[PDB]
Amino acid sequence: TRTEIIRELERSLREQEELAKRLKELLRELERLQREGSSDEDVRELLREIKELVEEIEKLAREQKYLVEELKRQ
Amino acid sequence: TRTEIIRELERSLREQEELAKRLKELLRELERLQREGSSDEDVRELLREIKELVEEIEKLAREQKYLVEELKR
């Protein structure tokens with residue numbers, strides 16, 4: 001039972017890494033668009049995707065809390 | 001101990017929660033700056049802060065993987 005929870009937790013932590021990396025990429029793009037100028041629509045589109053990723057990152061935190069509690073309760 | 005490693009994981013997750021909370025807060029501000037207009041400097045300043053928070057979230061993932069590796073053994 002320990003191993004199965006750990007495998008799921010490890011997947012979740014990998015996902016956290018990947019989402020943070022993607023978020024960094026989008027923020028880099030936003031900085032470029034702001035620096036060289038762009039349409040308001042172009043900025044809003046990046047902000048929308050950035051918002052989605054941050055919401056996904058929040059979800060992972062709740063998952064990981066649950067999985068760590070499972071490991072604690074064994 | 002398993003107990004002490006779990007406590008470290010609990011700490012790291014609390015830190016992750018707080019960063020996520022702050023990150024949403026700053027993004028709301030960023031949306032305001034774009035919506036209501038602002039100096040380029042104000043936007044760049046906020047983006048610098050947001051970038052730092054995201055780097056910490058990535059750092060915490062690596063810390064948490066390290067702690068889980070300890071827990072497995």
# chains A, B, ... in the order shown; residues from 1 in each chain; ligands from 1
>>> interface_residues(of="chain B", to="chain A", cutoff="10 Å", atoms="only C-alpha atoms", output="ChimeraX atom specification")
/B:2-3,5-7,9-10,13-14,16-17,19-21,23-24,27-28,30-31,34-35,40,43-44,47-48,50-65,68-69,71-72
>>> write_last_selection(atoms="N, CA and C atoms", output="compact mmCIF listing (two decimals), in the first residue's frame")
# COMPACT_ATOMS: atom_id res chain seq x y z
N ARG B 2 10.30 7.99 10.09
CA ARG B 2 9.26 8.25 9.12
C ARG B 2 8.51 9.51 9.54
N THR B 3 8.26 9.63 10.83
CA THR B 3 7.49 10.75 11.36
C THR B 3 8.15 12.10 11.04
N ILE B 5 10.37 12.77 8.64
CA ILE B 5 10.38 13.00 7.19
C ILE B 5 9.01 13.50 6.74
N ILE B 6 7.95 12.91 7.28
CA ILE B 6 6.60 13.35 6.96
C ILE B 6 6.41 14.80 7.40
N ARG B 7 6.94 15.15 8.57
CA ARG B 7 6.85 16.53 9.05
C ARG B 7 7.53 17.48 8.07
N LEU B 9 7.89 16.93 4.83
CA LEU B 9 7.00 16.99 3.67
C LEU B 9 5.84 17.93 3.95
N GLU B 10 5.29 17.86 5.16
CA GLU B 10 4.17 18.73 5.53
C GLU B 10 4.60 20.19 5.50
N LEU B 13 4.95 21.30 1.82
CA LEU B 13 3.65 21.49 1.20
C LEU B 13 2.96 22.76 1.71
N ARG B 14 3.16 23.10 2.98
CA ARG B 14 2.63 24.36 3.51
C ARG B 14 3.26 25.53 2.77
N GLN B 16 4.52 25.45 -0.27
CA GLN B 16 3.96 25.41 -1.62
C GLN B 16 2.57 26.04 -1.68
N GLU B 17 1.75 25.76 -0.67
CA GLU B 17 0.40 26.33 -0.59
C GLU B 17 0.46 27.86 -0.53
N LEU B 19 2.91 29.88 -1.45
CA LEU B 19 3.42 30.44 -2.70
C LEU B 19 2.32 30.50 -3.75
N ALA B 20 1.51 29.46 -3.80
CA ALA B 20 0.41 29.40 -4.76
C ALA B 20 -0.60 30.51 -4.46
N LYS B 21 -0.87 30.73 -3.17
CA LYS B 21 -1.80 31.78 -2.76
C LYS B 21 -1.28 33.14 -3.18
N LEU B 23 0.93 33.73 -5.48
CA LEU B 23 1.02 33.78 -6.93
C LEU B 23 -0.29 34.20 -7.59
N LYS B 24 -1.41 33.65 -7.13
CA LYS B 24 -2.72 34.07 -7.65
C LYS B 24 -2.97 35.53 -7.36
N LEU B 27 -0.98 37.64 -9.76
CA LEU B 27 -1.53 37.56 -11.11
C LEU B 27 -2.79 38.41 -11.22
N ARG B 28 -3.58 38.47 -10.16
CA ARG B 28 -4.73 39.37 -10.15
C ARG B 28 -4.26 40.82 -10.32
N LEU B 30 -1.45 41.72 -11.78
CA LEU B 30 -0.93 41.81 -13.13
C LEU B 30 -2.07 42.03 -14.14
N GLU B 31 -3.17 41.33 -13.95
CA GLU B 31 -4.34 41.51 -14.80
C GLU B 31 -4.87 42.94 -14.67
N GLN B 34 -2.62 45.40 -16.64
CA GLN B 34 -2.89 45.33 -18.07
C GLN B 34 -4.22 45.97 -18.41
N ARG B 35 -5.22 45.72 -17.57
CA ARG B 35 -6.57 46.21 -17.81
C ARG B 35 -6.65 47.72 -17.66
N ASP B 40 5.54 50.75 -17.72
CA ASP B 40 6.22 49.51 -18.09
C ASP B 40 7.03 48.99 -16.91
N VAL B 43 4.94 46.93 -14.42
CA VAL B 43 4.65 45.60 -14.96
C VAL B 43 5.89 44.71 -14.87
N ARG B 44 7.04 45.24 -15.28
CA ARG B 44 8.29 44.50 -15.22
C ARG B 44 8.66 44.11 -13.79
N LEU B 47 6.39 41.21 -12.77
CA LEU B 47 6.79 39.98 -13.46
C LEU B 47 8.06 39.39 -12.86
N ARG B 48 8.96 40.24 -12.40
CA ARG B 48 10.19 39.77 -11.76
C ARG B 48 9.83 39.01 -10.48
N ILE B 50 6.87 37.61 -9.73
CA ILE B 50 6.12 36.41 -10.07
C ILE B 50 7.08 35.29 -10.50
N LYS B 51 8.07 35.64 -11.31
CA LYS B 51 9.05 34.67 -11.78
C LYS B 51 9.78 34.00 -10.61
N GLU B 52 10.12 34.79 -9.60
CA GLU B 52 10.80 34.27 -8.41
C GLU B 52 9.92 33.25 -7.69
N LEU B 53 8.63 33.53 -7.59
CA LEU B 53 7.71 32.62 -6.92
C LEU B 53 7.60 31.30 -7.66
N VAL B 54 7.58 31.36 -8.99
CA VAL B 54 7.44 30.15 -9.79
C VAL B 54 8.70 29.29 -9.67
N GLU B 55 9.86 29.93 -9.58
CA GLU B 55 11.11 29.21 -9.41
C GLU B 55 11.12 28.47 -8.08
N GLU B 56 10.53 29.09 -7.07
CA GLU B 56 10.42 28.45 -5.76
C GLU B 56 9.51 27.23 -5.81
N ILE B 57 8.41 27.32 -6.56
CA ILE B 57 7.51 26.18 -6.71
C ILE B 57 8.24 25.01 -7.38
N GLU B 58 9.09 25.32 -8.36
CA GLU B 58 9.87 24.28 -9.01
C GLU B 58 10.90 23.69 -8.04
N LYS B 59 11.53 24.57 -7.26
CA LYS B 59 12.49 24.14 -6.26
C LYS B 59 11.83 23.21 -5.25
N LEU B 60 10.61 23.54 -4.84
CA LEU B 60 9.90 22.73 -3.86
C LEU B 60 9.58 21.34 -4.40
N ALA B 61 9.30 21.24 -5.70
CA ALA B 61 9.05 19.93 -6.31
C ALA B 61 10.28 19.05 -6.16
N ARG B 62 11.46 19.62 -6.40
CA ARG B 62 12.71 18.87 -6.29
C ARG B 62 12.99 18.50 -4.83
N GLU B 63 12.69 19.42 -3.91
CA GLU B 63 12.86 19.14 -2.49
C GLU B 63 11.94 18.00 -2.07
N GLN B 64 10.71 18.05 -2.54
CA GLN B 64 9.72 17.05 -2.17
C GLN B 64 10.09 15.69 -2.74
N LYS B 65 10.62 15.65 -3.96
CA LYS B 65 11.11 14.40 -4.53
C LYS B 65 12.24 13.81 -3.68
N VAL B 68 10.75 12.37 -0.52
CA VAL B 68 10.03 11.13 -0.80
C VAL B 68 11.03 9.99 -0.99
N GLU B 69 12.16 10.29 -1.61
CA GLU B 69 13.22 9.30 -1.78
C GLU B 69 13.72 8.81 -0.42
N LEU B 71 11.90 8.82 2.35
CA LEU B 71 10.78 8.11 2.95
C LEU B 71 10.69 6.68 2.44
N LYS B 72 11.03 6.48 1.17
CA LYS B 72 10.97 5.16 0.54
C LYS B 72 11.94 4.18 1.18
>>> atom_distance(atom1="CA of residue 38 (chain A)", atom2="CA of residue 33 (chain B)")
14.7 Å
